[PDB]
Amino acid sequence: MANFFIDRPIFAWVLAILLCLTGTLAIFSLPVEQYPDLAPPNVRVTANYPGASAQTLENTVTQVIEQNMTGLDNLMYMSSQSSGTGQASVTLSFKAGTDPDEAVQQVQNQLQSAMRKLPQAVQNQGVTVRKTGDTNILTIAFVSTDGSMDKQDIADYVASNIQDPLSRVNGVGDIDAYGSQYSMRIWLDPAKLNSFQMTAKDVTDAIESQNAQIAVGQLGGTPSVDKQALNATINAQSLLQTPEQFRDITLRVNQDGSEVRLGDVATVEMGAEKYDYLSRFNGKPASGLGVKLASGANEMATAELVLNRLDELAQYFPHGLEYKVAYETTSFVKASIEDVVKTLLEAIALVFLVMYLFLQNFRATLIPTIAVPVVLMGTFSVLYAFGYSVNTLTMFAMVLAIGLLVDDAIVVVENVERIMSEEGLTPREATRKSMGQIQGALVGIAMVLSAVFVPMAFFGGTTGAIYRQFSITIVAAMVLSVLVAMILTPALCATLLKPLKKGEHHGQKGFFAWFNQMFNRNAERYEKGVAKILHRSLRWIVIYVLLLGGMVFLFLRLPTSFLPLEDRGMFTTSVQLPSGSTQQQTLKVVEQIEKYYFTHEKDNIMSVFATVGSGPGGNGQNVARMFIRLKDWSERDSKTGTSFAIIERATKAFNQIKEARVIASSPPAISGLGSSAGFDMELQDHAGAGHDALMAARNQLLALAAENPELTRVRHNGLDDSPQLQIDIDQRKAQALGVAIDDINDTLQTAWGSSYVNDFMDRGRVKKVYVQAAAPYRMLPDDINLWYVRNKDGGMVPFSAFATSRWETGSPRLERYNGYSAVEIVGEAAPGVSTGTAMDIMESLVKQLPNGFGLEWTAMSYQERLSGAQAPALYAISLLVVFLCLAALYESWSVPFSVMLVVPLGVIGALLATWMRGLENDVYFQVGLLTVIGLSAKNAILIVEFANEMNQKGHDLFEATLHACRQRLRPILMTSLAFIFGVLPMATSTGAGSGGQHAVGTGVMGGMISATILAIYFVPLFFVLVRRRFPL
Amino acid sequence: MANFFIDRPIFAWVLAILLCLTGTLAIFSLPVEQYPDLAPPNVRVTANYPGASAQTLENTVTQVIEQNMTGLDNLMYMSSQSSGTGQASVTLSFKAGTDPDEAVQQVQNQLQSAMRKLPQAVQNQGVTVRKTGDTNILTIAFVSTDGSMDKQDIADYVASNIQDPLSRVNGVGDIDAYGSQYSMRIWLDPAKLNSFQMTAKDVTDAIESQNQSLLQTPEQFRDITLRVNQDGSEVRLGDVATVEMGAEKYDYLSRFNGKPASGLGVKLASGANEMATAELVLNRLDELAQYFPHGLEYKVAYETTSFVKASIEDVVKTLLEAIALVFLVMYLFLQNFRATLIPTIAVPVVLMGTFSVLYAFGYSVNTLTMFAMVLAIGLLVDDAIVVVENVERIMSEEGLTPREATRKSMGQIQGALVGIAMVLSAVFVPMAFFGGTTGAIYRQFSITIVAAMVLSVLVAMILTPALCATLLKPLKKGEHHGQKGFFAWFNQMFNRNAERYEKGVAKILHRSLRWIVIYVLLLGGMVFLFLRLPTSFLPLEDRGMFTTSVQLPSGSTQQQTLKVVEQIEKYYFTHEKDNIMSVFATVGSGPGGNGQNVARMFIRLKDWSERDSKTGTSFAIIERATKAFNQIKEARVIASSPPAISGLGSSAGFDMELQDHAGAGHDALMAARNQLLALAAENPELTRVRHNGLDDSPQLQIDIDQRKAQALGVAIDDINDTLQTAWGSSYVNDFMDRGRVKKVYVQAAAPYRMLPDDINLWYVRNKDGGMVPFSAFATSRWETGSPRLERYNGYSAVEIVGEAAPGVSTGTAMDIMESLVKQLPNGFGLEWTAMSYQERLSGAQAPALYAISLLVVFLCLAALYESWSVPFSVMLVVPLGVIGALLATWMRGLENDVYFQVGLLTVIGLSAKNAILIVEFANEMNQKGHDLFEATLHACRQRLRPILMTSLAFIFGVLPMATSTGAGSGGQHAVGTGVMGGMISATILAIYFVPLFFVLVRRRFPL
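From first to last, the protein sequence lines stand for chains B and A.
No gaps in the numbering here: position 398 of the first sequence is 398 in the deposited numbering, and each next residue is one more.
With the deposited numbering applied, the second sequence covers 1 to 211, 237 to 1032.
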């Protein structure tokens, strides 16, 4: 194989060009992402029980649904919520890698099973099963520049002309509206309704009958008369347009001639919702749109399309209206990807320079360099074939790969150079002999550098996915490198390399002359030291045992985490006032926060978009969210302008604020995983105690978390108990009175809440018609008697006769986790403290709580615990696979055992580097540690394979190992330095996703430094000792 | 390899016979189609909202479904129609190659979520997801010869006894009926109703109450008691209304050859074979015919299998003629009969092996694969011809025995055999990876041509060496020697011309600069011709059918449409009689939509043999019709030929969607559409430009004073029910006729539902039981609404279709249309759909294929011959053939379509073949050490004969295609013309320029 392509260089060039072209096509056709899915698919089951208390809804529906749902295929954990508004939502998160469609089908089947057991009212209302994609790809704010357009006018225009076309953009799962369009809202006064003896049902029926559009046939139908002239459709009536027409709805004509008009019994207005989002942008009234990314769609492409369409729509906005991008994700993705590309190019440059240092010949430097584009584009082709994408994980794997993939090319080139320099052979003969000598070594290096990343691919969860991303890329790169090393590089060495003895490089003074002198002297000293330590075995065995102990100590000492946080240029601050607070107080607090951000962080804030209130769909107005967008990373400082510094500085001031609970939190590392950054904990009530007991436990936990300085921004992701109405309707009492269940239910919906009726055409656009009770009347325990519902006989049975309403203090929103009343508690670790330490502290605090209150981590916390628990297995499996592969290659057990003893020499260096830098044991460290294992095995192989060959030929073990070290010192050094300077830009990256780059690069760089400076001495010791113990 | 079969011929014979047998088995088990599955898969979601206006239907139903369906996999585009009848259909088309079942499953999953959001009435009706067939395999008509059976009787019999059996025939996805079953029509009379003081609701309720015993005869219905007077007298239904057994639907009034008839539109089930399904349908119909009442007879008004069969037969004929011409030219160059037979025997083996490969890969016998086979016939014989020619030359000169001569020849040209196959197969590889309809077409050819090439190399190194070692006789110096007739003159002429050619090649080698300038000029001319040449997708074919569409002004009655249809039918019967077999018309059915003002008429022409080749072509008669039809000002009448691909679009030409890219206003959209139609009518490059839709129609909106209605104690429900019963129709109950359950409808008699003031003739029953006239609380008013609303990719749109004027390509027409759209008021943009979208995609992605194919061929040659110089020398001759292909295509009036693209690829391969045949031998001689001039001159002298004979074999193989006159003449001409011109130029230029390129490259880069 190697000899075949030596004499046919053009064939090798053609193969390389084919790989390059396929890779270029793949690159131009590969999708761009920040991360892959990496998120457990979630399916949400939603049910509605109108006019039902939260506890009653939870008991009658939520629990039942959960019971049937339990026992699914890959159900990781069930989380459920029961709201006072009457909506029950049970969320089912499935194990990562589960196809969402199959999960949805299973949930639908079990919902079919459970639907009968549910209350018939809920069944009539309808139960919905859908895969929930809640990733907010971008949030858009529409603000009137001139001020001519009112906030309600802005909301109406947006919901009429912008929301509808944007919803039709590809990949837009759901576009939330932070403002509501106008609607023909009709406010019923029960006083007038009882005055004229008309129930709300009569009003609804009159609106339905009078405001309608029905086709009744055709003028001039097909069996027409002999000579008709016109064929036209006939419509029964028209849809009302102005509010005045609604006021003229008849509803009755008395015998005297008087008519009880709708305006006589109610008031109609083309207004907006009673409690609409009081959205603001940079201290100005504005409306908003929240675009959510549909499941299984590319965020960047969808955002570009939406932005694109919005740009088009903008061209047709009324004078003085413009759109602002309050929240954007693709900016960070583009910045991070471009930064990683710059890092990769800098890595290629540094690898070229370090190779040129050892190989002064320019062509000899080019020959391994050419392997980089070929293997890189082949890896891109492999990624395209397997359906992977260009994300941060794959790009990090590529940058890691560079130094590994250049290894075999470097080995071949320098072996050819050594043969040319010493034996004096021609480049062709030198290449032949070099391939014959080191054919085994290349295969061994590829095996050790690829076997480490195989087992990782067989794990599951988000962790397994991350591992797989690295595996595929790195395994493909290693396979191509070993293919390139035996196809392209031998031909290049046989052709590109000039004899180089005519040029007389020896005697050429300069920097390279001094470098060669230093290298030769140090190599001689190194061989002397290797001989000495071979003689003095016991001392270095003791040193090795001490290194093992230090490695264990650093392993236990190192804090753990899942994924480094990144400066995305955004963070969200949440405002929660004490329960019962009006929207105006929340607005005042929001104004205070905006003033703080404008007057303190004036050099970093680009725009703040606040959203006061829960909106029309919700219960309390004491909630506000504030989307904060920072300036570009270049504009902001690298020390005080970072997102983390801004968040901490704001957190101090906001913790000073006592008016309301205000927390500034960075966005989560993974969009679909968790709501915000930091740990995510569910405080389950295992004892089954009361809800108030759970609330007291929650308060104790929050107080303790506030006490500990290791924890910051600890908050309850929920709502506090507040007085709530509970309309209780006795079905048997109503049926004794003969009043229909449907009629009383509709009347209850109309009075307590709002009832949609039909549509009316406004300016050519259809808009909804809502029938609602008057402002003072909200089906209070007092006014329930004022409402009347006629029975079958027609007599106006009073509502109070069959229904009872009473104020009750309880939680508006009840939550459950895995069959246990629980409250979700979220928080973040203090600066300098890892997430794992924060989780340990939270576990200690929950232990400090009274009995019966266990905890269960969810989302990113759950998967971080999974990765931490599963990490030792991988290491063990990867080491075992490397050992078995090495035993298979050399058909011996002494050689692989000698190699595996060098693995601790790299792990100690990686641990030292991460510990000194201040990083933590995350997933990246794990994959890094795996890379360090592979490279330590690489150096060990580079020595022991030649030593074993020499021994098998019959040379003395001492002489054989000394000769092997002397010859292979330069290959080990230059390959390792190539890798070190390849990963150096990662460890010193600035801006964009610099945190991930640092986390990946630091550990591997330290591992390489230790691996060289320890292996070059210990590998001879291991090989000699093992061979003495087990002779040939 | 070669030597093995030389000494063991029996093994090679066994292999050849095995391949032939496998191919023969494959041929008789290979399905036959006109085209493979080239149309993108379409999924249609239909929703029915009864009693809903078009605008209401679009707002409440269509928009919801469109919003939910967004996000599907490989969703090319969405098009939706909100008809005034209450039916909304959102058509989703996916990328070509997408699994239809997977698409349907995804659509159903997305619809399940959307079901809840829909109005309750729509959910009760039921939204249906179905793979869109929309391909009329055949339109059969049933006409009573005697006239005893009335048109409605024909329709009823068809629905009762024919529609059901045919629908169960395998492969019949749907069977549209242009008739209606019997129904007990009860025509009310408001005057009689007032006489007896009964409202329409009284009659409706009574008839509902009356009804397993069901009334059968009309008389039994006329005996229905509506009211019993106190005197004992009872009011009968016949006393107040007229009972008749008519149709449940009067929408369609079909007419065959000026005679009443009813029709069935048979539609193909997705994936089924067209020819087999049509044969089954017809067979079944024959069985049914065995029991048709006297006088009734079915007649095929539309048929596709006729053209498919005729075209396939024509392509087989041209294939056989190509084989014969290849044999003749080989016999011209190889005077010995056995020497000619040896390459000929390779043709059946390679062809049948290709058939086996197609059967294994699942491909069928379509026009594309057959064209590829015809091309391969000239392509495949190249290696066998080279082997035989080299053997003959060695025997003539060295005098060796056939066995040793074949051995030496195989040793000498083993490299060239591999190189020719490599270049002829590497061009067609990248083409296979392309997508869309175009990629599918490419693949049909690639698979076929690449398989043929591989089998050609295999036969050339296995079968032909054995044949040369056995069949050939040393009689070349014997029987063959001593020629005196025509062949002697031919040999003398060829020898003299070869000497002249070699001398000229030497001279041109001396005069390099002049011919370099000539080559640069040829490059410039090639670029100029490529830019000037117009573009298209596929050539239109005279399929013996075409359709004319009638669209009277909105609001026109059925009778006026029938009058215009009669005028058109008279035109066809008189002016164009020697070419028209039959005309089948259907009032009420149209491409854009259904209505009394729209009629669609099917015209079937006589056989191609009967019709004139010049004035009887479908295009000529259609142009004459358009000249005549354009004069008709009563209506818009357009005669359109069938689309190139059945599933791609509704009709031939371009297809675009003028849509409001922003802003709004349906009236603004209609005004823009009118402007666009006027501008298109102005242009002389565009013909038959129209919009596939319905203009805004008058609508009679009734206004009801609810105050007066309640003052008189009249319920709104009653006044809606009376209006629906009178103007619309009322499905009161069912009745059984001849063992079949049929509907009973109650409706006002025609004279009383014919004017807007007829609303005042009706009465309602108030709460007290009195008769309140409608005039008390009803006011009629005229308005204007759109019967059918369209949306394309979300935006409101109007579908505008049309065709290019004769002499103008479809691409030029599309450019003209894009120019016209820019003249519209700001906010309106266009998107190309159907086949037009695919044409734009193919044109956009065309330069890539060429670049990639050229690069792949270059790299393969460099890998094979281990020198950059050889492919550089070879690739320089590609323009020498491309110029000829472009010149021939431009001269013959053809355009740059898909076939031309595959042709350009074939021409690239042929130019590479000739360049290889020269430079391989020249490079070998130079590497052996011979002088470059001597090497190239010797290579030209020796390889002139094989190059000329292979090239002539190919050109005369494609000659019948370029001069075919059968059913598929257009496609055969499009494929053959460019390739033939390219090959001609490739020979007559390469045989001189290739030495120049090789010599110049070697001098610049000495070995």
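Ideal Cβ placement from N, Cα and C applies to all residues, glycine included.
- In the same chain as A/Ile-741, and ignoring 5 residues on each side of it, the C-beta atoms closer than 8 Å to its own belong to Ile-729, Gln-731, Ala-734, in chain order.
- At a cut-off of 7 Å between beta-carbon atoms, A/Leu-719 makes no contact with chain B.
- Of the residues B/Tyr-875, B/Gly-753, B/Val-1024, B/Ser-53, the one whose Cα lies closest to the Cα of B/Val-530 is B/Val-1024.
- Interface annotation, A/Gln-108: not in contact with chain B, CB-CB separation never under 7 Å.
- At least one CB atom of chain A sits nearer than 7 Å to the CB of B/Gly-217.
- Between the region 666-685 of chain B and the region 852-861 of chain B, the count of Cβ pairs shorter than 8 Å is three or higher; the stretches touch.
- With fewer than 16 other beta carbons inside 10 angstroms of its own, A/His-600 counts as exposed.
- The region 293-307 of chain B makes no contact with the region 258-276 of chain B, as fewer than three CB pairs between them are under 8 Å.
- A contact between stretches requires three or more CB pairs, one per stretch, nearer than 8 Å, and the region 694-714 of chain B meets this requirement with the region 817-834 of chain B.
- Counting C-beta pairs closer than 8 Å gives three or more between the region 495-515 of chain B and the region 353-369 of chain B, which meets the contact rule.
- A/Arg-625 places its beta carbon less than 7 Å from that of A/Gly-615.
- Assignment of B/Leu-725 by DSSP, reduced to helix, strand and coil, places it in the strand class.
- In the DSSP assignment, the residues bridged to A/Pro-285 are A/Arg-280.
- At a cut-off of 7 Å between beta carbons, A/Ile-154 makes no contact with chain B.
- By the neighbour-count criterion, in which 16 or more other beta carbons inside 10 Å mark a residue as buried, A/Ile-17 falls on the exposed side.
- At a cut-off of 7 Å between beta carbons, B/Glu-312 contacts chain A.
- Annotated three-state conformation of A/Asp-783 is helix, per DSSP.
- Secondary structure within the region 497-528 of chain A: not one fully enclosed alpha helix (DSSP H) run of 4 or more consecutive residues is present.
- By the criterion of a C-beta distance shorter than 6 Å, A/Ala-88 is surrounded in its chain by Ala-47, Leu-57, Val-61, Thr-62, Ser-82, once the five residues flanking it on both sides are discounted.
- B/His-716: member of the beta strand (DSSP E) spanning 711-716, first to last residue.
- Taking a beta-carbon distance threshold of 7 Å, A/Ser-113 counts as an interface residue toward chain B.
- One finds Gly-221 in chain B with Cβ atoms closer than 7 Å to the Cβ of A/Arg-778, taken in chain order.
- No residue range can be given for B/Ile-487, since it is assigned to no beta strand (DSSP E) and is classified by DSSP as neither H nor E.
- Look at B/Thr-379 here: in three-state DSSP terms it is helix.
- The three-state reading of DSSP puts B/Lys-631 in coil, since its state is none of H, G, I, E or B.
- Judged by DSSP secondary structure, A/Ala-335 falls outside any beta strand (DSSP E) and instead within the alpha helix (DSSP H) spanning 330-358.
- In this structure, A/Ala-446 sits away from A/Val-399, with a CB-CB distance that is not shorter than 7 Å.
- In the displayed model, B/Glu-591 falls within a helix according to three-state DSSP.
- For a cut-off of 8 Å, the C-beta gap from A/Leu-935 to A/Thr-1002 is around 15 Å, too long to register as a contact.
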